[PDB]
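K.L.:
Input structure: protein.csv, which contains CSV, C-alpha atoms.
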chain,number,residue,atom,x,y,z
A,10,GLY,CA,0.9,21.1,-6.7
A,11,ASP,CA,0.9,17.4,-7.6
A,12,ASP,CA,2.8,15.2,-5.2
A,13,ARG,CA,0.4,12.3,-5.4
A,14,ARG,CA,3.5,10.0,-6.0
A,15,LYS,CA,5.4,11.4,-3.1
A,16,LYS,CA,2.2,11.2,-1.0
A,17,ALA,CA,1.4,7.7,-2.0
A,18,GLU,CA,5.0,6.5,-1.3
A,19,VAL,CA,5.0,8.2,2.1
A,20,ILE,CA,1.8,6.4,3.2
A,21,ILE,CA,3.2,3.0,2.0
A,22,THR,CA,6.5,3.6,3.8
A,23,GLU,CA,4.7,4.5,7.0
A,24,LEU,CA,2.4,1.5,6.7
A,25,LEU,CA,5.3,-0.9,6.1
A,26,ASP,CA,7.2,0.5,9.1
A,27,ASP,CA,4.0,-0.1,11.2
A,28,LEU,CA,2.9,-3.5,9.9
A,29,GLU,CA,5.8,-5.4,11.5
A,30,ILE,CA,7.5,-8.4,9.8
A,31,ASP,CA,5.4,-11.4,10.7
A,32,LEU,CA,4.1,-14.6,9.1
A,33,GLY,CA,0.6,-13.0,9.4
A,34,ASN,CA,1.0,-10.0,7.2
A,35,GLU,CA,3.8,-11.0,4.9
A,36,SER,CA,1.5,-11.0,1.8
A,37,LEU,CA,0.3,-7.5,2.5
A,38,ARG,CA,3.8,-6.2,3.2
A,39,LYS,CA,4.8,-7.9,0.0
A,40,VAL,CA,2.1,-6.0,-2.1
A,41,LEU,CA,2.9,-2.8,-0.3
A,42,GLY,CA,6.6,-3.3,-0.8
A,43,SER,CA,6.1,-4.2,-4.4
A,44,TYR,CA,4.0,-1.1,-5.2
A,45,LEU,CA,6.4,1.2,-3.4
A,46,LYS,CA,9.1,0.3,-5.9
A,47,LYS,CA,6.7,0.4,-8.8
A,48,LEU,CA,5.8,4.0,-7.8
A,49,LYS,CA,9.4,5.1,-7.8
A,50,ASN,CA,10.6,3.2,-10.8
A,51,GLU,CA,7.7,2.7,-13.3
A,52,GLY,CA,6.9,5.3,-15.8
A,53,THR,CA,3.2,4.8,-15.2
A,54,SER,CA,0.8,7.3,-13.7
A,55,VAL,CA,-0.2,7.1,-10.0
A,56,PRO,CA,-3.9,6.3,-10.7
A,57,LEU,CA,-3.0,3.3,-13.0
A,58,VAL,CA,-0.5,1.8,-10.5
A,59,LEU,CA,-2.8,2.3,-7.5
A,60,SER,CA,-5.9,1.0,-9.2
A,61,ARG,CA,-3.9,-2.2,-9.9
A,62,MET,CA,-2.6,-2.2,-6.3
A,63,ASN,CA,-6.1,-1.6,-4.9
A,64,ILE,CA,-7.1,-5.0,-6.4
A,65,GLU,CA,-4.0,-6.7,-5.0
A,66,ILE,CA,-4.4,-5.5,-1.4
A,67,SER,CA,-7.8,-7.2,-1.6
A,68,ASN,CA,-7.0,-10.8,-2.1
A,69,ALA,CA,-4.0,-10.4,0.3
A,70,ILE,CA,-5.9,-8.7,3.2
A,71,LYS,CA,-8.3,-11.6,3.3
A,72,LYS,CA,-5.6,-14.3,2.5
A,73,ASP,CA,-4.3,-15.0,6.0
A,74,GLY,CA,-7.1,-12.7,7.1
A,75,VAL,CA,-4.9,-9.8,8.0
A,76,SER,CA,-6.5,-8.1,11.0
A,77,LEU,CA,-5.7,-4.4,10.5
A,78,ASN,CA,-6.3,-2.0,13.4
A,79,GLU,CA,-8.4,1.1,12.8
A,80,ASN,CA,-5.3,3.3,12.2
A,81,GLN,CA,-3.9,0.9,9.5
A,82,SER,CA,-7.1,0.4,7.5
A,83,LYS,CA,-7.5,4.2,7.5
A,84,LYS,CA,-4.0,4.6,6.2
A,85,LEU,CA,-4.8,2.1,3.5
A,86,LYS,CA,-8.2,3.8,2.6
A,87,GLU,CA,-6.3,7.1,2.6
A,88,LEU,CA,-3.9,5.5,0.1
A,89,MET,CA,-6.7,4.4,-2.3
A,90,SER,CA,-8.3,7.8,-1.8
A,91,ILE,CA,-5.3,9.3,-3.7
A,92,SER,CA,-6.6,7.6,-6.8
So that I can check it, write out the structure of this file as structure tokens.
P.N.:
Amino acid sequence: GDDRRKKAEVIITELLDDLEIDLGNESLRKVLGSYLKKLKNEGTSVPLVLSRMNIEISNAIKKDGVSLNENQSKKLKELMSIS
């Protein structure tokens, strides 16, 4: 019953599709995009990859000061909540 990887990838895909390509959130889309490939290609565990990502989304979210709407931050929190 473990589909944390599939679940994590789904949330990122959804998030990226929603974020919109713009100068404002390029750094965030970058991290998101980067971890989506790490999830599919790296032999690492979901908790290890996401713990490292959790950190990354931090200094990127406040970089350009990405202003995420309620729905997006909840999608993000729901991502970290996986592990």
K.L.:
Kindly indicate which residue among A:77, A:91, A:64, A:32 lies nearest to residue 14 in chain A, using all atoms listed in the file for the distances.
P.N.:
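Comparing A:77, A:91, A:64, A:32 against residue 14 in chain A, the winner is A:91.
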K.L.:
Mind giving me the straight-line distance from CA of residue 24 in chain A to CA of residue 88 in chain A in Å, one decimal?
P.N.:
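Straight-line distance from CA of residue 24 in chain A to CA of residue 88 in chain A works out to 10.0 Å.
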K.L.:
With distances taken over all atoms listed in the file, which of A:51, A:35, A:12, A:27 is nearest to residue 78 in chain A?
P.N.:
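Selected residue with least distance to residue 78 in chain A: A:27.
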K.L.:
Using only C-alpha atoms, which of A:89, A:69, A:30, A:75 sits nearest residue 17 in chain A?
P.N.:
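Of A:89, A:69, A:30, A:75, the one nearest residue 17 in chain A is A:89, counting only C-alpha atoms.
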K.L.:
Between A:48, A:10, A:59, A:39, which is the closest to residue 87 in chain A once you count all atoms listed in the file?
P.N.:
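Smallest distance to residue 87 in chain A is found for A:59.
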K.L.:
Looking at all atoms listed in the file, which of A:86, A:72, A:92, A:40 is the one that sits closest to residue 57 in chain A?
P.N.:
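Smallest distance to residue 57 in chain A is found for A:92.
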K.L.:
I'd like the interatomic distance between CA of residue 73 in chain A and CA of residue 42 in chain A, to a tenth of an Å.
P.N.:
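If I compute the distance from CA of residue 73 in chain A to CA of residue 42 in chain A, I get 17.4 Å.
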K.L.:
Out of A:61, A:71, A:13, A:49, which residue has the shortest atom-to-atom distance to residue 33 in chain A when counting only C-alpha atoms?
P.N.:
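Result for the nearest residue to residue 33 in chain A: A:71.
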K.L.:
If you measure from CA of residue 23 in chain A to CA of residue 41 in chain A, what distance in Å do you get, rounded to one decimal?
P.N.:
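Computing the Euclidean distance for CA of residue 23 in chain A and CA of residue 41 in chain A yields 10.5 Å.
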K.L.:
Box in all listed atoms of range 13-27 of chain A, axis-aligned, with 5 Å more on each side; write out centre and edge lengths in Å to one decimal as JSON.
P.N.:
{"center_x": 3.8, "center_y": 5.7, "center_z": 2.6, "size_x": 16.8, "size_y": 23.2, "size_z": 27.2}
